[PDB]
Amino acid sequence: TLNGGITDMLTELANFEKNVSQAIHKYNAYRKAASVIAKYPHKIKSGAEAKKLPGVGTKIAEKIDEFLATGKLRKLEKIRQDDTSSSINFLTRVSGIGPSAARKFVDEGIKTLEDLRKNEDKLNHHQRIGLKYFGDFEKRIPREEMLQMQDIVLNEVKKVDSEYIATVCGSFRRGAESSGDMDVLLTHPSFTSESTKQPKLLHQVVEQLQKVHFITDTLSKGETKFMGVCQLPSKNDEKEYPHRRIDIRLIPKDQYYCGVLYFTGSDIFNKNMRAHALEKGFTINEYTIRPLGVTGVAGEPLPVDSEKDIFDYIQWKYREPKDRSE
DNA sequence: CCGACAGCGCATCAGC
DNA sequence: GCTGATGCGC
DNA sequence: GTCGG
Ligand SMILES: O=c1ccn([C@H]2C[C@H](O)[C@@H](COP(=O)(O)NP(=O)(O)OP(=O)(O)O)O2)c(=O)[nH]1
Ligand SMILES: [Mg+2]
Ligand code: NA
Ligand code: NA
Ligand code: NA
């Protein structure tokens, strides 16, 4: 974290642009710059030096000079003092409450944790659960705990159908010492790109995880994606573990590699890699990698037999999961 | 100078 | 209900 | 806010 001060600043600006200004591209621009700077192996001495990195432009270079000279950014200092901005940024910290809903709650006078707690009947299901576990959801998950959760999920999925294959992706698969949540990619031979010879594949698994009391709440649930809450069990007299966010993504068995590439991230790594793919004349999603006709129409899916094959198509040297934490 | 910015699942909504 | 745009998050 | 055509 040679440039932790600078990256935090850019990150705070990104969150401002997303939650308050509602300018998603400025948000992504700041996140991109913070990312490229975070992996820069030198302690940045100036904005000029930073402007050499891809993603860092004139505006950010100037902010970096101000920050380096004073240790602060007036622009942020003022933002931190604006009541509306502060209210919106706080409210968006509740899962399910986005930029729009946050600004709307303010208009209605709901702008603090206490306000939210006395107005649950005004929150949709997702927001209600986000408020319920407001504190827990901001706690990190130690890898050791992720290892315990993995054992449970994999073992429970096996009990349902020995043919299910569950893989923990996200920051965990990238080797993180702590994760924000758990990401599980699920496959079953009955569900392929050609057919779904069996229904309730995702339902069965969720059902089984709820039965053993691993999954405690549901934020959203569909045929291929589940978003909810889980908790490791605690021993006698032992204090309870915090409730954790968990996402389960069922993907066509024959499209596992594209699926694991996507669910391993990071999100910025995916944005960078997908952007590169385009420049190389391909389009990548969690299911396939396809070429792009002159027109701009995705052609047919290209054969893929490993994560590496995806890298090869776009002429990128393979990068292990551990090196995708952008 | 200026168009584009990765790609998509689920919940919710308005219009018909 | 069906359909498509919108909000939100992964 | 940044970048490539
Ligand atoms: O905008 C997004 C968000 C997520 N993703 C993918 C990549 C990411 O690694 C994966 C899991 O989403 P999380 O939000 O859980 N991120 P990650 O697991 O990498 O980090 P964290 O430790 O915060 O959960 O989903 C995208 O492709 N685009
Ligand atoms: Mg995750
Ligand atoms: Na640059
Ligand atoms: Na939120
Ligand atoms: Na997740």
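Throughout, a chain's letter reflects where its sequence line sits, starting with A, and its residues are numbered from 1. Side chains included, hydrogens not; waters and symmetry mates left out as well; all remaining heavy atoms used.
Heavy-atom distances under 4.0 Å link DNA chain B to no residue of residues 128-151 of chain A.
The closest donor-acceptor contact from the side chain of A:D254 to the backbone of A:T192 lies at 3.5 Å or more, if one exists at all. Judged purely by atom type and a 3.5 angstrom limit, A:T224 has no side-chain atom pairing as donor or acceptor with the backbone of A:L250.
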Show every donor-acceptor pair shorter than 3.5 Å between a side-chain atom in residues 71-82 of chain A and any protein atom, with sequence neighbours excluded, or say none if there are none.
| unit_1 | atom_1 | unit_2 | atom_2 | d |
| --- | --- | --- | --- | --- |
| A:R74 | NE | A:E66 | OE2 | 3.0 |
| A:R74 | NH2 | A:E66 | OE1 | 2.8 |
| A:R80 | NE | A:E12 | OE2 | 2.7 |
| A:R80 | NH2 | A:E12 | OE1 | 2.7 |
| A:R80 | NH2 | A:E12 | OE2 | 3.4 |
| A:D82 | OD2 | A:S85 | N | 3.1 |
| A:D82 | OD2 | A:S85 | OG | 2.7 |

Could you pull out every donor-acceptor pair under 3.5 Å between side chains of residues 153-160 of chain A and any protein atom, sequence neighbours left out?
| unit_1 | atom_1 | unit_2 | atom_2 | d |
| --- | --- | --- | --- | --- |
| A:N155 | ND2 | A:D151 | O | 3.0 |
| A:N155 | ND2 | A:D151 | OD1 | 2.7 |
| A:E156 | OE1 | A:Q208 | NE2 | 2.6 |
| A:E156 | OE2 | A:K159 | NZ | 2.9 |

Show me the donor-acceptor pairs, under 3.5 Å and distance only, between side chains in residues 94-104 of chain A and residues at least two apart or in other chains.
| unit_1 | atom_1 | unit_2 | atom_2 | d |
| --- | --- | --- | --- | --- |
| A:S95 | OG | A:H126 | NE2 | 2.6 |
| A:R103 | NH2 | A:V20 | O | 3.0 |
| A:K104 | NZ | A:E108 | OE2 | 2.9 |

Side chains of residues 46-64 of chain A: which donor-acceptor pairs under 3.5 Å do they make with residues two or more places apart or in other chains?
| unit_1 | atom_1 | unit_2 | atom_2 | d |
| --- | --- | --- | --- | --- |
| A:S46 | OG | A:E49 | N | 3.3 |
| A:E49 | OE1 | A:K45 | N | 2.7 |
| A:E49 | OE2 | A:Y40 | OH | 2.9 |

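With salt bridges taken as basic N to acidic carboxylate O contacts below 4.0 Å, one links A:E307 and A:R324. Ion pairing between a basic and an acidic side chain is recognised when a charged N comes within 4.0 Å of a carboxylate O; A:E163 and A:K253 show no such pairing. Salt-bridge annotation for A:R244 and A:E145: present, with a side-chain N of the basic residue lying under 4.0 Å from a carboxylate O of the acidic one.
Using P as the reference atom, C:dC10 and B:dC5 are 23 Å apart when rounded to the nearest Å. Between the P atoms of B:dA6 and D:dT2, the separation comes to 16 Å (whole Å).
Taking the side chain as every heavy atom from C-beta outward, A:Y133 and A:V229 approach each other to under 4.5 Å.
Evaluation of the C1'-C2'-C3'-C4' torsion of B:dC8 gives a negative value and hence a south sugar.
Backbone-only engagement by A:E223 is indicated by non-hydrogen atom pairs under 4.0 Å involving sugar-phosphate atoms exclusively. Within the 4.0 angstrom heavy-atom criterion, only backbone atoms of the sugar-phosphate kind lie near A:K221; the bases stay farther away. Within the 4.0 angstrom heavy-atom criterion, only backbone atoms of the sugar-phosphate kind lie near A:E286; the bases stay farther away. Across all strands, A:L53 comes closer than 4.0 Å only to sugar-phosphate atoms, never to a base (heavy-atom distances). At a threshold of 4.0 angstrom between heavy atoms, the contacts of A:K59 are confined to the sugar-phosphate backbone, with no base atom among them.
With sequence neighbours left out, the ring pair (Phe, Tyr, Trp, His ring centres under 6.0 Å) criterion links A:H203 to no other residue. Partners of A:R140 under the side-chain contact (heavy atoms from CB on, under 4.5 Å) rule, at least two apart in sequence or in another chain, are A:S178.
Base stacking between strand neighbours B:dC10 and B:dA11 is detected by the criterion of six-membered ring centres within less than 5.5 Å and interplanar angle below 30°.
Here chain A contacts DNA chain B (any atom closer than 4.0 Å to a heavy atom, that is under 4.0 Å), and the contacts span B:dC5 to B:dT12 from 5' to 3'.
Chaining together hydrophobic side chains whose heavy atoms lie under 4.5 Å apart leaves A:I165 on its own. Using a 4.5 Å cut-off between side-chain heavy atoms of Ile, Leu, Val, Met, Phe, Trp and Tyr, A:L2 forms no hydrophobic cluster with any other residue.
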Fill in the blank from the handout: Each nucleotide of nucleotides 5-10 of chain C classed B (base within 4.0 Å of a protein heavy atom), S (only sugar-phosphate) or -, in 5' to 3' order, makes --SSSB

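Remark: DNA chain B takes part in the stems B:1-5 with D:1-5, B:7-16 with C:1-10, each of 3 or more antiparallel Watson-Crick or G-U pairs, criterion distances under 3.5 Å.
Both A:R274 and A:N124 lie close to DNA chain B; mapped to their nearest nucleotides by heavy-atom distance, the more 5′-ward contact belongs to A:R274. Place A:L202 and A:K271 on DNA chain B by their nearest nucleotides, and A:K271 ends up nearer the 5' end.
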